[PDB]
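Visitor: Take this structure, written in structure tokens, and hold onto it; I'll ask about it next.
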Amino acid sequence: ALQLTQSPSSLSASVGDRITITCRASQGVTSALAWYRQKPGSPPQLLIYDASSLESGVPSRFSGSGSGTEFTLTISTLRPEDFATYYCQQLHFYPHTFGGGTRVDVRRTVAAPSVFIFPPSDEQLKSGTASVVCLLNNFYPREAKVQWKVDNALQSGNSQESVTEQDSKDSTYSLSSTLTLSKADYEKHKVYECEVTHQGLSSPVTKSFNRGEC
Amino acid sequence: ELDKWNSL
Amino acid sequence: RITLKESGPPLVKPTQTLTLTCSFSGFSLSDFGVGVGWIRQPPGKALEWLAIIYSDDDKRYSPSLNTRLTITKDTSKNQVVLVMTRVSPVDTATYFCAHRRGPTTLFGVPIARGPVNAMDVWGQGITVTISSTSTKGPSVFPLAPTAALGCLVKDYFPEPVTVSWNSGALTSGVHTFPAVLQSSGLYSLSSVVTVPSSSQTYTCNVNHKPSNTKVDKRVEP
């Protein structure tokens, strides 16, 4: 269908800043494009309709321009209610496509994650399952990437991540990754490794343990 | 397929 | 003021049929050009358009979900219903209904089509989970070695679960993560706390009310 790409995906900013988000379409959608702001736990709120029209009750600091395949949303002076996720929607073709979203978080100094690996508890191993957890603590920006390796084999399909919401005092994020294996499986290997790639790291940091080592 | 109001 | 509100079941099992209702006020689906659409949002993901119905009973669906969706309206009871057949866990998401303005008219004549280019009012949204799973309490495991530490809260259903450290006295350096719905249909979650290596006892206080499961777990290094 119609491809609607938002840029950037994530945006770092502070109160008072002027920001611009763009939304690109695979084909002309004319002026049929809408912008929304969604704060966590709430539904999307309409800001701009018909590419440039300001919606009733929406602050004048919001502005929309462009037509065809290029669209931009401008917030002239960033207010705190603006730290949220933004979306563009196209309504010229069916189906009415939505962009991927642009997250706008509070800017701060780059902070590398404190990494920690936890091997599974013997209590859980007794139940037939093995959960290995990697913790990436207080980092910034939000983009991080975890890679699990078992006896140098790269894991794929057996992990799940979770990220916190920006800390109201730190402006940092924390991430949790859980590698899940059967106990059988788990006892067939020695080295469990959590490789972390983040912007505040010159090189990937790796935390590990040898199953058994006592 | 175009939107409903495209030809108005 | 226009208001919309979604209603239906918080939980549905796989292969089952899901019926959602959108109740509105402030407008009629007999009003010229008006639409009501459904948009969903998986946890942590982007908005996905599902369908729309207009006052003239014109209907449009997502080409990718078309064989499982039916949208219908009851003009007299100001409601729009979306029926989704044979669901899977990927259908788990928050479901929204929204209003679409019809064209502006002057003495019954269509003078502006610009306002139909948006969904101007949205409902609060209804959260729907898809698990073949049944109410079950968590198994709490220790996460042992600034030093890190925590309690893995695994295999429970449904949400939610509460986690505190030291009966409420430890709050600084704490991180309770969003739970992930495992392929098993059960949630898993972790709560960690970073402290001065050097330190004091640490206990994860866990409560899953649906199952009436209360656990206190002392975690050491």
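Going by the structure tokens order, chains are called A, B, ..., each with residues numbered from 1, while ligands are numbered from 1 in the order shown.
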Distance cut-off 9 Å, counting only C-alpha atoms - which residues of chain B neighbour chain C? Return them as a PyMOL selection string.

Guide: chain B and resi 4-6+8

Visitor: Write out, as a compact mmCIF listing (two decimals), in the first residue's frame, the residues just selected, with N, CA and C atoms.

Guide:
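As written to disk, out06.txt reads:
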# COMPACT_ATOMS: atom_id res chain seq x y z
N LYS B 4 -13.07 8.69 -0.19
CA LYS B 4 -14.45 9.06 -0.48
C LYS B 4 -14.64 10.47 -0.99
N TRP B 5 -13.88 11.41 -0.44
CA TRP B 5 -14.05 12.80 -0.83
C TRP B 5 -13.15 13.36 -1.90
N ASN B 6 -12.37 12.48 -2.50
CA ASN B 6 -11.45 12.85 -3.53
C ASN B 6 -12.10 13.39 -4.77
N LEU B 8 -14.90 15.31 -5.03
CA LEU B 8 -15.97 16.31 -4.66
C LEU B 8 -15.41 17.71 -5.15

Visitor: Write out as CSV a residue-level contact list of chain A versus chain C with cut-off 9 Å: for each qualifying residue the closest pair of atoms and the distance in Å to one decimal, counting only C-alpha atoms, rows sorted by chain and residue number upward.

Guide:
residue,atom,partner,partner_atom,distance
A:1,CA,C:63,CA,8.9
A:31,CA,C:117,CA,8.0
A:32,CA,C:117,CA,5.1
A:33,CA,C:117,CA,6.2
A:34,CA,C:118,CA,5.3
A:35,CA,C:118,CA,8.1
A:41,CA,C:124,CA,8.8
A:42,CA,C:124,CA,6.5
A:43,CA,C:124,CA,5.7
A:44,CA,C:122,CA,7.1
A:45,CA,C:121,CA,7.4
A:46,CA,C:120,CA,5.6
A:47,CA,C:120,CA,8.6
A:48,CA,C:118,CA,8.0
A:49,CA,C:118,CA,5.3
A:50,CA,C:117,CA,5.0
A:51,CA,C:117,CA,8.2
A:53,CA,C:114,CA,8.4
A:55,CA,C:120,CA,8.2
A:87,CA,C:47,CA,8.2
A:89,CA,C:118,CA,7.6
A:90,CA,C:117,CA,8.0
A:91,CA,C:117,CA,6.0
A:92,CA,C:117,CA,8.1
A:94,CA,C:60,CA,7.5
A:95,CA,C:62,CA,5.8
A:96,CA,C:49,CA,6.2
A:97,CA,C:49,CA,6.4
A:98,CA,C:47,CA,6.1
A:99,CA,C:46,CA,7.5
A:100,CA,C:46,CA,5.5
A:101,CA,C:46,CA,6.4
A:114,CA,C:146,CA,8.6
A:115,CA,C:148,CA,8.9
A:116,CA,C:148,CA,6.8
A:117,CA,C:145,CA,7.5
A:118,CA,C:143,CA,5.8
A:119,CA,C:143,CA,7.5
A:120,CA,C:143,CA,7.5
A:121,CA,C:142,CA,6.3
A:123,CA,C:141,CA,7.2
A:124,CA,C:141,CA,6.8
A:131,CA,C:152,CA,9.0
A:133,CA,C:143,CA,8.0
A:135,CA,C:148,CA,8.3
A:137,CA,C:194,CA,8.5
A:160,CA,C:180,CA,7.1
A:161,CA,C:180,CA,7.6
A:162,CA,C:178,CA,5.9
A:163,CA,C:177,CA,6.4
A:164,CA,C:177,CA,5.9
A:174,CA,C:175,CA,7.6
A:175,CA,C:177,CA,7.8
A:176,CA,C:177,CA,7.2

Visitor: Could you please take those selected residues and save C-alpha atoms as a short mmCIF file (atom, residue, chain, number, x, y, z; two decimals), in the first residue's frame?

Guide:
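Listing of selection-v6.cif after writing:
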data_model
loop_
_atom_site.label_atom_id
_atom_site.label_comp_id
_atom_site.auth_asym_id
_atom_site.auth_seq_id
_atom_site.Cartn_x
_atom_site.Cartn_y
_atom_site.Cartn_z
CA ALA A 1 0.00 0.00 0.00
CA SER A 31 -3.24 17.94 1.01
CA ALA A 32 -5.02 15.00 2.67
CA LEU A 33 -2.68 14.61 5.63
CA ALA A 34 -3.19 14.93 9.37
CA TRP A 35 -0.85 15.35 12.35
CA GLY A 41 -1.91 6.39 28.01
CA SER A 42 -4.02 8.74 25.97
CA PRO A 43 -5.43 8.69 22.52
CA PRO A 44 -4.02 10.70 19.61
CA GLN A 45 -5.00 14.35 19.55
CA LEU A 46 -5.54 16.14 16.28
CA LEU A 47 -3.29 19.16 15.73
CA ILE A 48 -3.32 19.79 11.97
CA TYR A 49 -5.82 18.68 9.31
CA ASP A 50 -5.65 19.10 5.53
CA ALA A 51 -1.85 19.47 5.70
CA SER A 53 -5.11 23.82 8.86
CA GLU A 55 -7.56 22.52 14.45
CA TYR A 87 1.94 10.75 14.01
CA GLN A 89 -1.93 10.10 8.68
CA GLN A 90 -2.82 10.00 5.03
CA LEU A 91 -6.50 10.07 3.92
CA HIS A 92 -6.28 10.36 0.15
CA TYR A 94 -7.66 3.60 1.14
CA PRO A 95 -6.43 2.39 3.39
CA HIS A 96 -5.89 5.56 5.47
CA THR A 97 -2.21 5.10 6.32
CA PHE A 98 -0.43 6.13 9.50
CA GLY A 99 3.23 7.01 9.89
CA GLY A 100 5.54 5.12 12.22
CA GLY A 101 5.67 7.94 14.72
CA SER A 114 25.53 0.18 33.13
CA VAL A 115 25.31 -3.41 32.00
CA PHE A 116 24.57 -6.39 34.21
CA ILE A 117 23.97 -10.04 33.44
CA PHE A 118 22.01 -12.32 35.75
CA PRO A 119 22.16 -16.04 35.39
CA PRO A 120 19.07 -18.12 36.21
CA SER A 121 18.13 -19.03 39.76
CA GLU A 123 14.97 -22.43 41.94
CA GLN A 124 13.78 -21.80 38.40
CA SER A 131 15.87 -17.25 32.15
CA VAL A 133 18.48 -11.37 32.08
CA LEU A 135 20.03 -5.07 32.40
CA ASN A 137 20.72 0.80 33.31
CA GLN A 160 12.17 -10.27 24.75
CA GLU A 161 13.00 -6.70 25.70
CA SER A 162 11.27 -4.05 27.77
CA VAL A 163 12.12 -0.37 28.16
CA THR A 164 11.14 2.08 30.84
CA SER A 174 16.65 1.43 31.23
CA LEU A 175 16.16 -1.78 29.28
CA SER A 176 15.61 -5.39 30.25
#

Visitor: So the first atom is CA of residue 4 in chain C and the second is CA of residue 73 in chain C; what is the distance between them in Å, to one decimal place?

Guide: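 Atom-to-atom, CA of residue 4 in chain C and CA of residue 73 in chain C are spaced 13.6 Å apart.
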
Visitor: Mind listing the helix (DSSP H, G or I) residues of range 10-105 of chain C, per DSSP on the backbone, as number ranges by chain?

Guide: C: 66-68, 89-91

Visitor: Emit the selected residues as a PDB file, in the first residue's frame, including C-alpha atoms.

Guide:
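Generated output (selection.pdb):
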ATOM      1  CA  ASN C  66     -10.458  -7.530   5.316  1.00  0.00           C
ATOM      2  CA  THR C  67     -11.495 -11.194   5.572  1.00  0.00           C
ATOM      3  CA  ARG C  68     -11.835 -10.956   9.344  1.00  0.00           C
ATOM      4  CA  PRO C  89      -2.198 -12.878  20.046  1.00  0.00           C
ATOM      5  CA  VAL C  90      -1.035 -10.314  17.491  1.00  0.00           C
ATOM      6  CA  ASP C  91      -4.499  -8.814  17.626  1.00  0.00           C
TER       7      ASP C  91
END

Visitor: When you look at range 193-199 of chain A with a cut-off of 10 Å (counting only C-alpha atoms), what residues show up, excluding the ones that are within fewer than 3 positions of it in the same chain? I need them as a compact mmCIF listing (two decimals) with N, CA, C and O atoms, in the first residue's frame.

Guide:
# COMPACT_ATOMS: atom_id res chain seq x y z
N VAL A 110 24.68 12.52 26.82
CA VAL A 110 24.78 11.12 26.49
C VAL A 110 25.30 10.36 27.69
O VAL A 110 26.26 10.78 28.35
N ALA A 111 24.64 9.26 27.99
CA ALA A 111 25.02 8.44 29.11
C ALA A 111 25.00 7.00 28.68
O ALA A 111 24.00 6.51 28.17
N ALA A 112 26.13 6.33 28.87
CA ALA A 112 26.24 4.93 28.51
C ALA A 112 25.53 4.10 29.57
O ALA A 112 25.42 4.50 30.73
N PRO A 113 25.01 2.95 29.17
CA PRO A 113 24.30 2.05 30.08
C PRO A 113 25.23 1.25 30.98
O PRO A 113 26.35 0.90 30.58
N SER A 114 24.78 1.00 32.20
CA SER A 114 25.53 0.18 33.13
C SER A 114 24.96 -1.18 32.75
O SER A 114 23.74 -1.36 32.76
N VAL A 115 25.81 -2.12 32.39
CA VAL A 115 25.31 -3.41 32.00
C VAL A 115 25.52 -4.44 33.09
O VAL A 115 26.50 -4.41 33.83
N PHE A 116 24.57 -5.36 33.19
CA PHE A 116 24.57 -6.39 34.21
C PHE A 116 23.94 -7.66 33.67
O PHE A 116 22.86 -7.61 33.08
N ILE A 117 24.58 -8.80 33.89
CA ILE A 117 23.97 -10.04 33.44
C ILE A 117 23.64 -10.89 34.66
O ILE A 117 24.42 -10.99 35.60
N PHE A 118 22.45 -11.48 34.65
CA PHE A 118 22.01 -12.32 35.75
C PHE A 118 21.78 -13.71 35.25
O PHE A 118 21.05 -13.92 34.29
N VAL A 132 17.72 -15.90 31.38
CA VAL A 132 18.90 -15.08 31.55
C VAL A 132 18.50 -13.65 31.26
O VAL A 132 17.89 -13.36 30.23
N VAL A 133 18.84 -12.77 32.18
CA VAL A 133 18.48 -11.37 32.08
C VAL A 133 19.65 -10.42 31.98
O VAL A 133 20.62 -10.51 32.73
N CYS A 134 19.54 -9.49 31.04
CA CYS A 134 20.57 -8.48 30.85
C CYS A 134 19.91 -7.16 31.20
O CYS A 134 18.80 -6.88 30.75
N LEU A 135 20.57 -6.36 32.02
CA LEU A 135 20.03 -5.07 32.40
C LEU A 135 20.94 -3.98 31.88
O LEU A 135 22.17 -4.02 32.04
N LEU A 136 20.31 -3.02 31.22
CA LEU A 136 20.98 -1.86 30.66
C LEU A 136 20.38 -0.73 31.46
O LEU A 136 19.24 -0.34 31.25
N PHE A 139 20.66 4.92 30.65
CA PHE A 139 21.37 5.37 29.47
C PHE A 139 20.61 6.42 28.67
O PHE A 139 19.42 6.66 28.90
N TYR A 140 21.34 7.02 27.74
CA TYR A 140 20.78 8.02 26.86
C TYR A 140 21.74 8.29 25.71
O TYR A 140 22.95 8.42 25.92
N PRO A 141 21.22 8.38 24.47
CA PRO A 141 19.79 8.26 24.16
C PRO A 141 19.13 6.89 24.34
O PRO A 141 19.74 5.93 24.80
N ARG A 142 17.87 6.84 23.95
CA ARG A 142 17.04 5.67 24.08
C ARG A 142 17.41 4.47 23.23
O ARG A 142 17.13 3.32 23.59
N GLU A 143 18.03 4.73 22.10
CA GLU A 143 18.39 3.65 21.22
C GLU A 143 19.54 2.84 21.79
O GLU A 143 20.58 3.37 22.16
N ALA A 144 19.31 1.54 21.89
CA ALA A 144 20.29 0.61 22.41
C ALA A 144 20.02 -0.68 21.70
O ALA A 144 18.97 -0.85 21.07
N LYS A 145 20.96 -1.61 21.79
CA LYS A 145 20.76 -2.87 21.13
C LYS A 145 21.47 -4.00 21.86
O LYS A 145 22.67 -3.94 22.13
N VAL A 146 20.69 -5.02 22.17
CA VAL A 146 21.16 -6.18 22.88
C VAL A 146 21.32 -7.38 21.98
O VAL A 146 20.44 -7.68 21.17
N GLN A 147 22.45 -8.06 22.13
CA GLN A 147 22.71 -9.26 21.35
C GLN A 147 23.18 -10.37 22.27
O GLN A 147 24.17 -10.23 22.98
N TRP A 148 22.43 -11.47 22.28
CA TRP A 148 22.77 -12.61 23.11
C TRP A 148 23.59 -13.62 22.35
O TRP A 148 23.32 -13.92 21.19
N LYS A 149 24.59 -14.16 23.02
CA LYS A 149 25.41 -15.19 22.40
C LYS A 149 25.62 -16.28 23.40
O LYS A 149 25.91 -16.03 24.56
N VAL A 150 25.46 -17.51 22.93
CA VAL A 150 25.64 -18.68 23.77
C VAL A 150 26.74 -19.50 23.11
O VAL A 150 26.57 -19.98 21.99
N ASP A 151 27.86 -19.66 23.79
CA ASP A 151 28.99 -20.41 23.24
C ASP A 151 29.26 -19.93 21.83
O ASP A 151 29.50 -20.69 20.89
N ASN A 152 29.22 -18.60 21.76
CA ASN A 152 29.42 -17.78 20.59
C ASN A 152 28.43 -17.86 19.46
O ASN A 152 28.61 -17.25 18.41
N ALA A 153 27.36 -18.60 19.71
CA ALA A 153 26.30 -18.71 18.74
C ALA A 153 25.44 -17.50 19.05
O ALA A 153 25.28 -17.10 20.20
N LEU A 154 24.91 -16.92 17.99
CA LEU A 154 24.09 -15.73 18.07
C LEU A 154 22.65 -16.14 18.30
O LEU A 154 22.11 -16.94 17.55
N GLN A 155 22.02 -15.59 19.33
CA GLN A 155 20.63 -15.95 19.58
C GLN A 155 19.64 -15.11 18.79
O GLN A 155 19.83 -13.91 18.59
N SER A 177 16.40 -7.33 29.04
CA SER A 177 16.29 -8.35 28.02
C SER A 177 16.38 -9.70 28.70
O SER A 177 17.29 -9.96 29.48
N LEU A 179 16.58 -13.75 28.02
CA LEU A 179 16.82 -14.85 27.10
C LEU A 179 16.21 -16.06 27.81
O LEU A 179 16.50 -16.32 28.97
N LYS A 190 28.20 -23.31 28.07
CA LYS A 190 28.94 -22.69 29.16
C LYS A 190 28.86 -21.19 29.19
O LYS A 190 28.54 -20.60 30.22
N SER A 202 32.26 3.46 23.08
CA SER A 202 33.19 3.50 21.95
C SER A 202 33.05 2.20 21.18
O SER A 202 33.06 2.17 19.95
N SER A 203 32.93 1.13 21.94
CA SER A 203 32.77 -0.19 21.38
C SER A 203 31.74 -0.91 22.22
O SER A 203 31.43 -0.49 23.34
N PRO A 204 31.17 -1.98 21.68
CA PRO A 204 30.16 -2.81 22.33
C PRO A 204 30.72 -3.36 23.62
O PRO A 204 31.88 -3.76 23.67
N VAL A 205 29.92 -3.36 24.67
CA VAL A 205 30.39 -3.90 25.92
C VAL A 205 29.72 -5.25 26.08
O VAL A 205 28.55 -5.43 25.71
N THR A 206 30.47 -6.22 26.59
CA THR A 206 29.96 -7.56 26.78
C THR A 206 30.14 -8.04 28.22
O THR A 206 31.22 -7.91 28.79
N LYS A 207 29.05 -8.56 28.78
CA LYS A 207 29.00 -9.08 30.14
C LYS A 207 28.70 -10.55 30.03
O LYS A 207 27.79 -10.95 29.29
N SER A 208 29.42 -11.39 30.76
CA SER A 208 29.15 -12.80 30.64
C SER A 208 29.38 -13.63 31.87
O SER A 208 29.85 -13.15 32.90
N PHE A 209 29.01 -14.89 31.75
CA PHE A 209 29.23 -15.83 32.82
C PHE A 209 29.32 -17.22 32.24
O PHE A 209 28.79 -17.51 31.16
N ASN A 210 30.03 -18.06 32.97
CA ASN A 210 30.18 -19.43 32.57
C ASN A 210 29.25 -20.19 33.48
O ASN A 210 29.31 -20.07 34.70

Visitor: Residues within 8 Å of residue 158 in chain C, please, as a list in words. Count only C-alpha atoms; anything in the same chain fewer than 4 positions from it doesn't count.

Guide: residues 134, 135, 136, 186, 187 and 210 of chain C

Visitor: Give me a file of those residues, with C-alpha atoms, as a compact mmCIF listing (two decimals), in the first residue's frame.

Guide:
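Saved result, part02.txt, follows:
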# COMPACT_ATOMS: atom_id res chain seq x y z
CA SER C 134 -6.21 -18.65 32.35
CA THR C 135 -5.75 -16.76 35.62
CA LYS C 136 -2.41 -17.70 37.06
CA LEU C 186 1.59 -15.48 30.12
CA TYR C 187 3.30 -12.26 31.14
CA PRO C 210 -6.27 -11.58 39.93

Visitor: Select residues of chain B: the criterion is any atom within 8 Å of an atom of chain A, counting only C-alpha atoms; output as a PyMOL selection string.

Guide: chain B and resi 1-3+6

Visitor: Extract, using only C-alpha atoms, all DNA, RNA and protein residues at most 9 Å from residue 202 in chain C, discarding same-chain residues fewer than 2 positions from it, and format them as a list in words.

Guide: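 Everything that qualifies: residues 149, 150, 165, 166, 170, 193, 200, 204, 217, 218, 219 and 220 of chain C.
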
Visitor: Write to file, as a compact mmCIF listing (two decimals), in the first residue's frame, the residues of the selection just made, with N, CA and C atoms.

Guide:
# COMPACT_ATOMS: atom_id res chain seq x y z
N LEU C 149 20.40 -5.66 40.99
CA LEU C 149 19.70 -6.71 41.71
C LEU C 149 18.19 -6.65 41.44
N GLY C 150 17.49 -7.77 41.61
CA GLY C 150 16.06 -7.75 41.35
C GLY C 150 15.29 -9.05 41.54
N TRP C 165 9.77 -2.54 46.65
CA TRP C 165 10.99 -2.98 47.27
C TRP C 165 11.02 -2.49 48.70
N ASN C 166 11.32 -3.43 49.58
CA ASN C 166 11.40 -3.18 51.00
C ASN C 166 10.15 -2.58 51.58
N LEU C 170 12.09 1.40 49.69
CA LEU C 170 13.15 1.55 48.71
C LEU C 170 12.46 1.98 47.44
N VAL C 193 16.96 -3.10 41.09
CA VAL C 193 17.32 -1.92 41.84
C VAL C 193 18.84 -1.85 41.97
N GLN C 200 22.55 -3.60 54.25
CA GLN C 200 21.13 -3.38 53.97
C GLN C 200 20.50 -4.57 53.26
N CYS C 204 11.88 -8.04 47.30
CA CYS C 204 10.87 -7.71 46.30
C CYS C 204 9.50 -8.10 46.77
N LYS C 217 10.13 -11.62 48.60
CA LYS C 217 11.37 -12.31 48.29
C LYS C 217 12.62 -11.53 48.63
N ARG C 218 13.38 -12.05 49.58
CA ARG C 218 14.63 -11.43 49.97
C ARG C 218 15.66 -11.88 48.96
N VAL C 219 16.38 -10.93 48.40
CA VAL C 219 17.36 -11.24 47.38
C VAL C 219 18.79 -10.94 47.82
N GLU C 220 19.65 -11.94 47.89
CA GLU C 220 21.02 -11.59 48.21
C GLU C 220 22.02 -12.00 47.15

Visitor: Which value, in Å to one decimal, gives the distance between CA of residue 35 in chain C and CA of residue 101 in chain C?

Guide: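 Distance between the two atoms: 6.7 Å.
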
Visitor: Using only C-alpha atoms, pick whichever of C:55, C:30, C:167, C:183 has the shortest atom-to-atom distance to residue 207 in chain C.

Guide: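 For residue 207 in chain C, the nearest of the given residues is C:167.
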
Visitor: Between CA of residue 128 in chain A and CA of residue 184 in chain C, what is the distance, to one decimal in Å?

Guide: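 A separation of 14.6 Å between them.
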
Visitor: From a DSSP pass on the backbone, collect the residues of range 37-130 of chain C flagged as strand (DSSP E or B) and hand them back as a PyMOL selection string.

Guide: chain C and resi 37-41+48-54+59-61+69-74+79-84+93-100+104-106+109-112+121-122+126-130

Visitor: Considering only C-alpha atoms, return as a list in words whatever protein or nucleic-acid residues lie within 6 Å of residue 73 in chain A, sequence-local ones (same chain, fewer than 2 positions apart) excluded.

Guide: residues 20, 21, 63 and 64 of chain A
